[PDB]
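Source file: work_34.cif; contents: mmCIF, C-alpha atoms.
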data_start
#
loop_
_atom_site.label_atom_id
_atom_site.label_comp_id
_atom_site.auth_asym_id
_atom_site.auth_seq_id
_atom_site.Cartn_x
_atom_site.Cartn_y
_atom_site.Cartn_z
CA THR A 1150 -12.43 -6.35 -12.25
CA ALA A 1151 -14.08 -9.70 -11.37
CA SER A 1152 -17.83 -8.99 -10.98
CA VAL A 1153 -18.77 -8.69 -7.25
CA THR A 1154 -21.90 -7.50 -5.37
CA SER A 1155 -21.58 -3.72 -4.74
CA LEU A 1156 -22.54 -2.75 -1.15
CA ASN A 1157 -24.63 0.43 -0.59
CA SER A 1158 -23.18 3.33 1.51
CA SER A 1159 -23.98 1.08 4.56
CA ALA A 1160 -27.25 -0.72 5.44
CA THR A 1161 -28.86 2.65 6.18
CA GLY A 1162 -27.50 4.32 3.01
CA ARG A 1163 -26.44 7.23 5.28
CA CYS A 1164 -23.27 9.40 4.95
CA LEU A 1165 -21.58 11.18 7.93
CA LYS A 1166 -21.22 15.02 8.19
CA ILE A 1167 -19.14 16.77 10.94
CA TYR A 1168 -19.25 20.50 11.92
CA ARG A 1169 -16.01 21.83 13.51
CA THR A 1170 -15.63 25.17 15.39
CA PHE A 1171 -12.09 26.66 15.67
CA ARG A 1172 -10.43 30.04 16.51
CA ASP A 1173 -8.16 31.64 13.84
CA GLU A 1174 -5.05 33.83 14.62
CA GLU A 1175 -5.91 37.29 16.07
CA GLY A 1176 -9.70 36.99 16.60
CA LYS A 1177 -12.02 34.77 14.48
CA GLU A 1178 -14.57 31.92 14.98
CA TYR A 1179 -14.82 30.03 11.62
CA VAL A 1180 -16.92 26.79 11.48
CA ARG A 1181 -15.99 23.96 9.01
CA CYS A 1182 -18.70 21.45 7.88
CA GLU A 1183 -17.00 18.28 6.49
CA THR A 1184 -18.99 15.39 4.91
CA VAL A 1185 -17.58 11.80 4.86
CA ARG A 1186 -19.21 9.55 2.19
CA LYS A 1187 -17.01 6.47 2.88
CA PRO A 1188 -18.52 3.78 5.20
CA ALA A 1189 -14.99 2.50 6.07
CA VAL A 1190 -14.27 5.93 7.60
CA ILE A 1191 -17.78 6.30 9.02
CA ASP A 1192 -17.73 3.00 10.95
CA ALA A 1193 -14.37 3.59 12.70
CA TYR A 1194 -15.06 7.21 13.89
CA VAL A 1195 -18.65 6.45 15.09
CA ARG A 1196 -17.32 3.38 17.02
CA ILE A 1197 -14.62 5.63 18.61
CA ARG A 1198 -17.28 8.22 19.70
CA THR A 1199 -19.80 5.59 21.01
CA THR A 1200 -16.85 4.21 23.00
CA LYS A 1201 -15.76 7.62 24.29
CA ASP A 1202 -19.42 8.32 25.10
CA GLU A 1203 -19.41 5.24 27.39
CA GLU A 1204 -16.09 6.43 28.94
CA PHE A 1205 -17.83 9.77 29.68
CA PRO B 9 23.46 -7.87 16.18
CA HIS B 10 21.99 -9.61 13.08
CA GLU B 11 19.64 -7.85 10.61
CA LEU B 12 17.34 -10.06 8.48
CA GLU B 13 18.43 -9.77 4.81
CA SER B 14 15.96 -8.08 2.49
CA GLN B 15 15.52 -9.92 -0.80
CA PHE B 16 13.32 -8.70 -3.64
CA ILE B 17 12.77 -9.71 -7.26
CA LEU B 18 14.04 -7.61 -10.18
CA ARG B 19 12.04 -7.85 -13.42
CA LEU B 20 13.78 -6.49 -16.55
CA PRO B 21 12.76 -6.07 -20.18
CA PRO B 22 13.46 -9.31 -22.07
CA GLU B 23 16.49 -8.23 -24.12
CA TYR B 24 18.01 -6.49 -21.09
CA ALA B 25 17.11 -9.56 -19.03
CA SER B 26 19.06 -11.71 -21.48
CA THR B 27 22.13 -9.47 -21.27
CA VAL B 28 21.96 -9.38 -17.45
CA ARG B 29 21.49 -13.17 -17.35
CA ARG B 30 24.51 -13.77 -19.59
CA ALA B 31 26.61 -11.41 -17.47
CA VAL B 32 25.48 -13.08 -14.22
CA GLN B 33 26.20 -16.61 -15.46
CA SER B 34 29.58 -15.43 -16.74
CA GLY B 35 30.56 -14.37 -13.23
CA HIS B 36 33.16 -11.59 -13.74
CA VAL B 37 33.04 -8.27 -11.79
CA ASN B 38 32.47 -6.62 -15.22
CA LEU B 39 28.73 -7.12 -14.44
CA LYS B 40 29.15 -5.00 -11.27
CA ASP B 41 30.03 -1.89 -13.37
CA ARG B 42 27.38 -2.69 -16.05
CA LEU B 43 24.15 -3.24 -14.06
CA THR B 44 23.12 -0.52 -11.52
CA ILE B 45 19.79 0.06 -9.60
CA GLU B 46 19.02 3.66 -8.42
CA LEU B 47 16.31 4.00 -5.72
CA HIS B 48 14.48 7.34 -5.45
CA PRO B 49 13.35 8.93 -2.14
CA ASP B 50 9.74 8.27 -3.15
CA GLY B 51 10.49 4.68 -2.18
CA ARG B 52 8.44 3.29 -5.07
CA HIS B 53 10.45 4.61 -8.03
CA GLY B 54 13.87 3.89 -9.41
CA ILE B 55 16.29 3.53 -12.27
CA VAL B 56 17.93 0.26 -13.13
CA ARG B 57 20.89 0.98 -15.43
CA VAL B 58 21.84 -2.03 -17.64
CA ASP B 59 25.12 -1.36 -19.55
CA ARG B 60 24.72 2.34 -18.55
CA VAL B 61 21.27 2.44 -20.26
CA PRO B 62 18.64 3.90 -17.84
CA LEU B 63 15.32 1.99 -17.37
CA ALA B 64 12.35 3.27 -15.35
CA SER B 65 11.43 1.21 -12.32
CA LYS B 66 8.61 0.81 -9.86
CA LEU B 67 8.76 -1.15 -6.62
CA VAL B 68 5.44 -2.98 -6.40
CA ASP B 69 3.79 -5.20 -3.79
CA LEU B 70 3.17 -8.78 -4.72
CA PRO B 71 -0.18 -10.43 -3.94
CA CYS B 72 1.20 -13.72 -2.60
CA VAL B 73 4.10 -14.24 -0.21
CA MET B 74 7.24 -15.94 -1.47
CA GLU B 75 9.98 -17.43 0.68
CA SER B 76 13.58 -18.17 -0.31
CA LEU B 77 14.63 -21.65 0.77
CA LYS B 78 18.27 -22.72 0.73
CA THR B 79 19.59 -26.25 0.87
CA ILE B 80 22.82 -28.19 1.06
CA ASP B 81 21.58 -31.73 0.27
CA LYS B 82 18.35 -30.97 -1.70
CA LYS B 83 16.29 -32.87 0.88
CA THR B 84 15.96 -30.40 3.78
CA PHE B 85 15.30 -26.74 3.00
CA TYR B 86 15.86 -23.81 5.35
CA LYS B 87 13.86 -20.61 4.98
CA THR B 88 16.14 -17.63 4.46
CA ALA B 89 13.85 -14.66 3.75
CA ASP B 90 10.37 -13.50 2.80
CA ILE B 91 9.88 -11.84 -0.60
CA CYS B 92 6.94 -9.53 -1.14
CA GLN B 93 8.27 -6.85 -3.49
CA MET B 94 9.35 -6.59 -7.08
CA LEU B 95 11.29 -3.83 -8.89
CA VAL B 96 9.60 -4.11 -12.35
CA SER B 97 11.54 -2.07 -14.95
CA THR B 98 10.68 -0.86 -18.50
CA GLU B 127 -0.89 3.31 -3.78
CA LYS B 128 -3.09 1.33 -6.25
CA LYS B 129 -0.35 1.65 -8.94
CA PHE B 130 2.27 0.12 -6.55
CA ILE B 131 0.12 -3.03 -6.03
CA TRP B 132 0.73 -5.92 -8.50
CA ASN B 133 -2.38 -8.04 -9.20
CA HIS B 134 -0.67 -11.07 -10.75
CA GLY B 135 1.67 -13.58 -9.16
CA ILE B 136 5.08 -14.61 -10.47
CA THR B 137 4.22 -18.15 -11.54
CA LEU B 138 2.06 -18.96 -14.55
CA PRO B 139 -0.90 -20.53 -12.62
CA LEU B 140 -1.13 -17.44 -10.43
CA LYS B 141 -2.45 -14.75 -12.77
CA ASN B 142 -5.20 -12.33 -11.68
CA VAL B 143 -4.75 -14.01 -8.22
CA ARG B 144 -5.75 -10.85 -6.31
CA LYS B 145 -8.98 -10.52 -8.37
CA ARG B 146 -9.97 -14.23 -8.69
CA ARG B 147 -8.06 -16.62 -6.35
CA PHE B 148 -8.16 -14.28 -3.31
CA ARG B 149 -11.08 -14.30 -0.82
CA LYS B 150 -12.29 -10.69 -0.37
CA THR B 151 -11.42 -10.22 3.34
CA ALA B 152 -12.51 -6.65 4.25
CA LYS B 153 -9.48 -4.29 4.48
CA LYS B 154 -9.49 -0.97 6.44
CA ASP B 161 -4.73 3.32 5.46
CA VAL B 162 -8.39 3.93 6.54
CA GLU B 163 -7.46 4.07 10.28
CA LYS B 164 -4.95 6.91 9.52
CA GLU B 165 -7.76 9.07 8.02
CA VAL B 166 -9.87 8.39 11.18
CA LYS B 167 -6.87 9.47 13.36
CA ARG B 168 -6.58 12.71 11.29
CA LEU B 169 -10.34 13.32 11.82
CA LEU B 170 -9.89 12.76 15.61
CA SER B 171 -6.98 15.28 15.57
CA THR B 172 -9.20 17.89 13.80
CA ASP B 173 -11.78 17.12 16.54
CA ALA B 174 -9.48 17.53 19.54
CA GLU B 175 -8.16 20.85 18.19
CA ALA B 176 -11.68 22.28 17.81
CA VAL B 177 -14.16 23.75 20.33
CA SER B 178 -17.70 22.61 19.29
CA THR B 179 -18.48 19.47 17.18
CA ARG B 180 -21.92 18.85 15.54
CA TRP B 181 -22.70 15.44 13.93
CA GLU B 182 -25.71 13.87 12.11
CA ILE B 183 -25.96 10.62 10.05
CA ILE B 184 -27.42 12.07 6.87
CA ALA B 185 -29.61 11.22 3.87
CA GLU B 186 -29.42 12.18 0.18
CA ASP B 187 -28.29 15.82 -0.09
#
Go through the file and emit its structure as C-alpha coordinates.
Amino acid sequence: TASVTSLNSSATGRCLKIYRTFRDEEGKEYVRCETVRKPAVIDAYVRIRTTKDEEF
Amino acid sequence: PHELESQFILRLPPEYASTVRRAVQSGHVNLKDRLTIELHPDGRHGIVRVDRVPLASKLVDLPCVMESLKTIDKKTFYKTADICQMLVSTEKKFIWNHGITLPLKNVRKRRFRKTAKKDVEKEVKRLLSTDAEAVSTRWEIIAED
(Lines of atoms letter the chains of each structure in order from A and count residues from 1; the text may use other names and numbers.)
(Lines give C-alpha, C1' and ligand atoms only; values in the text may rest on other atoms or scores of the structure.)
Protein backbone atom coordinates (compact mmCIF):
# COMPACT_ATOMS: atom_id res chain seq x y z
CA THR A 1 0.00 0.00 0.00
CA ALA A 2 1.29 3.55 -0.69
CA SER A 3 3.45 4.53 2.32
CA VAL A 4 1.46 6.81 4.72
CA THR A 5 2.06 8.09 8.29
CA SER A 6 0.55 5.56 10.76
CA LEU A 7 -1.48 7.27 13.54
CA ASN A 8 -1.15 5.96 17.15
CA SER A 9 -4.25 4.56 18.97
CA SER A 10 -5.29 8.27 19.37
CA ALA A 11 -3.23 11.22 20.69
CA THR A 12 -3.39 9.72 24.19
CA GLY A 13 -2.53 6.17 23.01
CA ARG A 14 -5.48 4.99 25.16
CA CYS A 15 -7.93 2.13 24.37
CA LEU A 16 -11.55 1.98 25.71
CA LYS A 17 -12.85 -0.83 28.03
CA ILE A 18 -16.57 -1.21 29.00
CA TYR A 19 -18.01 -3.35 31.87
CA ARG A 20 -21.65 -4.51 31.33
CA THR A 21 -23.96 -6.00 34.03
CA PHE A 22 -26.93 -8.14 32.83
CA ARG A 23 -29.42 -10.70 34.28
CA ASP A 24 -29.52 -14.22 32.69
CA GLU A 25 -32.69 -16.43 32.43
CA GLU A 26 -33.88 -17.84 35.81
CA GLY A 27 -31.56 -16.02 38.27
CA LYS A 28 -28.00 -14.84 37.43
CA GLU A 29 -25.94 -11.57 37.46
CA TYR A 30 -23.03 -12.06 34.98
CA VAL A 31 -20.75 -9.04 34.19
CA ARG A 32 -19.05 -8.71 30.73
CA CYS A 33 -15.84 -6.60 30.38
CA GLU A 34 -15.33 -5.65 26.68
CA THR A 35 -12.21 -3.77 25.43
CA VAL A 36 -12.34 -1.63 22.22
CA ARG A 37 -8.86 -0.98 20.68
CA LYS A 38 -10.16 0.95 17.61
CA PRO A 39 -10.11 4.80 17.86
CA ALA A 40 -12.84 5.05 15.17
CA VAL A 41 -15.18 3.17 17.55
CA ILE A 42 -13.82 4.92 20.65
CA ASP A 43 -14.42 8.46 19.34
CA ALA A 44 -18.08 7.91 18.33
CA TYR A 45 -19.24 6.17 21.58
CA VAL A 46 -17.42 8.65 23.91
CA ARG A 47 -18.97 11.58 21.94
CA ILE A 48 -22.44 9.94 22.33
CA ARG A 49 -21.94 9.57 26.15
CA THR A 50 -20.51 13.13 26.65
CA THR A 51 -23.59 14.31 24.74
CA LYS A 52 -26.01 12.18 26.77
CA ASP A 53 -24.21 13.38 29.91
CA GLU A 54 -25.08 16.99 28.93
CA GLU A 55 -28.71 15.89 28.23
CA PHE A 56 -28.78 14.45 31.80
CA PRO B 1 -43.95 5.54 -11.66
CA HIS B 2 -40.41 5.51 -13.17
CA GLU B 3 -37.49 3.57 -11.61
CA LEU B 4 -33.94 4.73 -12.47
CA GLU B 5 -32.24 2.00 -14.56
CA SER B 6 -29.32 0.24 -12.90
CA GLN B 7 -26.34 -0.18 -15.22
CA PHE B 8 -23.15 -1.98 -14.25
CA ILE B 9 -20.05 -3.16 -16.10
CA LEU B 10 -19.39 -6.85 -16.84
CA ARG B 11 -15.73 -7.88 -17.11
CA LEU B 12 -15.09 -11.30 -18.71
CA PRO B 13 -11.99 -13.40 -19.35
CA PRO B 14 -10.43 -12.35 -22.68
CA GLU B 15 -11.35 -15.37 -24.82
CA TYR B 16 -14.88 -15.40 -23.37
CA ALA B 17 -14.98 -11.63 -23.86
CA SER B 18 -14.15 -12.14 -27.53
CA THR B 19 -16.92 -14.71 -27.98
CA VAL B 20 -19.45 -12.49 -26.17
CA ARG B 21 -18.33 -9.47 -28.24
CA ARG B 22 -18.74 -11.37 -31.51
CA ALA B 23 -22.18 -12.58 -30.44
CA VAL B 24 -23.26 -9.07 -29.38
CA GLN B 25 -22.10 -7.43 -32.62
CA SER B 26 -23.82 -10.20 -34.58
CA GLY B 27 -27.15 -9.26 -33.02
CA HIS B 28 -29.23 -12.49 -33.14
CA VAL B 29 -31.24 -13.76 -30.10
CA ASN B 30 -28.86 -16.78 -30.17
CA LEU B 31 -26.70 -14.69 -27.76
CA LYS B 32 -29.65 -14.55 -25.32
CA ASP B 33 -29.53 -18.37 -24.80
CA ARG B 34 -25.67 -18.44 -24.77
CA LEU B 35 -24.69 -15.77 -22.20
CA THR B 36 -26.34 -15.94 -18.71
CA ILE B 37 -25.50 -14.12 -15.38
CA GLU B 38 -26.60 -15.82 -12.10
CA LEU B 39 -26.66 -13.58 -8.98
CA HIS B 40 -26.35 -15.26 -5.57
CA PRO B 41 -28.20 -14.12 -2.41
CA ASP B 42 -24.87 -12.99 -0.95
CA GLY B 43 -25.23 -10.03 -3.30
CA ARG B 44 -21.51 -10.00 -4.12
CA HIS B 45 -21.17 -13.38 -5.84
CA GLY B 46 -22.41 -14.82 -9.08
CA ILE B 47 -22.04 -17.05 -12.09
CA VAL B 48 -21.83 -15.69 -15.59
CA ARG B 49 -22.45 -18.57 -18.02
CA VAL B 50 -20.91 -17.97 -21.49
CA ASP B 51 -22.01 -20.69 -23.99
CA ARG B 52 -23.26 -22.70 -20.95
CA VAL B 53 -19.72 -22.60 -19.42
CA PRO B 54 -19.91 -21.37 -15.76
CA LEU B 55 -17.50 -18.56 -14.65
CA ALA B 56 -17.14 -17.32 -11.06
CA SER B 57 -18.12 -13.72 -10.48
CA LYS B 58 -17.78 -11.02 -7.86
CA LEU B 59 -19.67 -7.74 -7.82
CA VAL B 60 -17.11 -5.13 -6.77
CA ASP B 61 -17.26 -1.41 -6.00
CA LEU B 62 -15.39 0.89 -8.28
CA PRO B 63 -13.23 3.71 -6.85
CA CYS B 64 -14.36 6.44 -9.25
CA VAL B 65 -17.89 7.24 -10.41
CA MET B 66 -18.80 6.69 -14.04
CA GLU B 67 -21.83 8.11 -15.81
CA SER B 68 -23.46 6.85 -19.02
CA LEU B 69 -24.14 9.69 -21.43
CA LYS B 70 -26.38 9.22 -24.46
CA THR B 71 -26.58 11.46 -27.49
CA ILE B 72 -28.51 11.90 -30.71
CA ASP B 73 -26.30 14.47 -32.50
CA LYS B 74 -22.89 13.86 -30.80
CA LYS B 75 -22.81 17.47 -29.58
CA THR B 76 -25.15 17.45 -26.56
CA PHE B 77 -24.98 14.52 -24.14
CA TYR B 78 -27.64 13.54 -21.62
CA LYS B 79 -26.74 11.65 -18.46
CA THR B 80 -28.64 8.37 -18.25
CA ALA B 81 -27.24 6.54 -15.20
CA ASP B 82 -24.44 6.32 -12.65
CA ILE B 83 -22.16 3.28 -12.74
CA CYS B 84 -20.28 2.26 -9.62
CA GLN B 85 -20.19 -1.55 -9.78
CA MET B 86 -18.52 -4.20 -11.85
CA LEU B 87 -19.24 -7.95 -12.12
CA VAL B 88 -15.64 -9.19 -12.71
CA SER B 89 -15.65 -12.87 -13.78
CA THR B 90 -12.89 -15.55 -13.98
CA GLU B 91 -15.98 -6.09 2.42
CA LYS B 92 -12.32 -5.33 1.50
CA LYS B 93 -12.43 -8.06 -1.21
CA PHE B 94 -15.53 -6.43 -2.83
CA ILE B 95 -13.69 -3.08 -3.23
CA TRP B 96 -11.75 -2.59 -6.53
CA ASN B 97 -8.65 -0.39 -6.19
CA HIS B 98 -8.07 0.36 -9.88
CA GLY B 99 -10.21 2.35 -12.29
CA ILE B 100 -11.43 1.18 -15.69
CA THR B 101 -9.29 3.47 -17.85
CA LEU B 102 -5.55 3.03 -18.29
CA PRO B 103 -4.48 6.33 -16.56
CA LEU B 104 -6.52 5.40 -13.50
CA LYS B 105 -4.62 2.50 -11.95
CA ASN B 106 -4.02 2.29 -8.19
CA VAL B 107 -6.33 5.40 -8.05
CA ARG B 108 -7.67 4.53 -4.58
CA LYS B 109 -4.11 4.17 -3.19
CA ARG B 110 -2.36 7.06 -5.05
CA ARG B 111 -4.74 9.54 -6.79
CA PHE B 112 -7.30 9.62 -3.93
CA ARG B 113 -6.98 12.08 -1.00
CA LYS B 114 -7.28 10.09 2.27
CA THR B 115 -10.54 11.62 3.61
CA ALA B 116 -11.22 9.89 6.97
CA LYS B 117 -14.01 7.25 6.64
CA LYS B 118 -16.10 5.96 9.60
CA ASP B 119 -19.68 0.61 8.87
CA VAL B 120 -18.05 2.03 12.06
CA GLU B 121 -21.29 3.79 13.16
CA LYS B 122 -23.15 0.41 13.04
CA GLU B 123 -20.67 -1.11 15.56
CA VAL B 124 -21.23 1.95 17.84
CA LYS B 125 -25.04 1.41 17.55
CA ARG B 126 -24.55 -2.29 18.54
CA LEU B 127 -22.46 -1.14 21.56
CA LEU B 128 -25.26 1.33 22.55
CA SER B 129 -27.81 -1.55 22.27
CA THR B 130 -25.64 -3.75 24.59
CA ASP B 131 -25.58 -0.70 26.93
CA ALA B 132 -29.32 -0.03 27.01
CA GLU B 133 -30.06 -3.72 27.70
CA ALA B 134 -27.69 -3.80 30.70
CA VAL B 135 -28.05 -2.56 34.31
CA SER B 136 -24.64 -1.13 35.40
CA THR B 137 -21.94 0.21 32.99
CA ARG B 138 -18.29 0.89 34.09
CA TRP B 139 -15.87 2.73 31.73
CA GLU B 140 -12.19 3.84 31.87
CA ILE B 141 -9.86 5.11 29.06
CA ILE B 142 -7.00 2.69 29.55
CA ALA B 143 -3.23 2.31 29.12
CA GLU B 144 -1.05 -0.62 28.02
CA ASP B 145 -2.46 -3.84 29.50
Note to self: Take the PyMOL selection byres ((chain A) within 8 of (chain B)), run it mentally on this structure, and tell me the resulting residues as a PyMOL selection string.
What the structure shows: chain A and resi 1150-1151+1162-1172+1189-1190+1193-1194
Selection export as an mmCIF file, in the coordinates of the input, atoms kept: C-alpha atoms:
data_model
loop_
_atom_site.group_PDB
_atom_site.id
_atom_site.type_symbol
_atom_site.label_atom_id
_atom_site.label_comp_id
_atom_site.auth_asym_id
_atom_site.auth_seq_id
_atom_site.Cartn_x
_atom_site.Cartn_y
_atom_site.Cartn_z
ATOM 1 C CA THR A 1150 -12.430 -6.350 -12.250
ATOM 2 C CA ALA A 1151 -14.080 -9.700 -11.370
ATOM 3 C CA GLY A 1162 -27.500 4.320 3.010
ATOM 4 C CA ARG A 1163 -26.440 7.230 5.280
ATOM 5 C CA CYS A 1164 -23.270 9.400 4.950
ATOM 6 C CA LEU A 1165 -21.580 11.180 7.930
ATOM 7 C CA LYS A 1166 -21.220 15.020 8.190
ATOM 8 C CA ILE A 1167 -19.140 16.770 10.940
ATOM 9 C CA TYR A 1168 -19.250 20.500 11.920
ATOM 10 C CA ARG A 1169 -16.010 21.830 13.510
ATOM 11 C CA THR A 1170 -15.630 25.170 15.390
ATOM 12 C CA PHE A 1171 -12.090 26.660 15.670
ATOM 13 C CA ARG A 1172 -10.430 30.040 16.510
ATOM 14 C CA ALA A 1189 -14.990 2.500 6.070
ATOM 15 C CA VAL A 1190 -14.270 5.930 7.600
ATOM 16 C CA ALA A 1193 -14.370 3.590 12.700
ATOM 17 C CA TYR A 1194 -15.060 7.210 13.890
#
Check: In Å, with one decimal, what is the gap from CA of residue 1186 in chain A to CA of residue 149 in chain B?
Finding: 25.4 Å
Next item on the list: Identify, on the basis of only C-alpha atoms, every residue whose closest approach to residue 51 in chain B does not exceed 12 Å; exclude the query and any residue fewer than 6 positions from it along the same chain; express the result as a PyMOL selection string.
Entry: chain B and resi 65-68+93+95+127+130
Checklist line | Ground truth for the PyMOL selection byres ((chain B and resi 57) around 8), written as a PyMOL selection string | finding: chain B and resi 42-46+55-56+58-63
Checklist line | Atom pair CA of residue 73 in chain B / CA of residue 13 in chain B: separation (Å) | finding: 15.8 Å
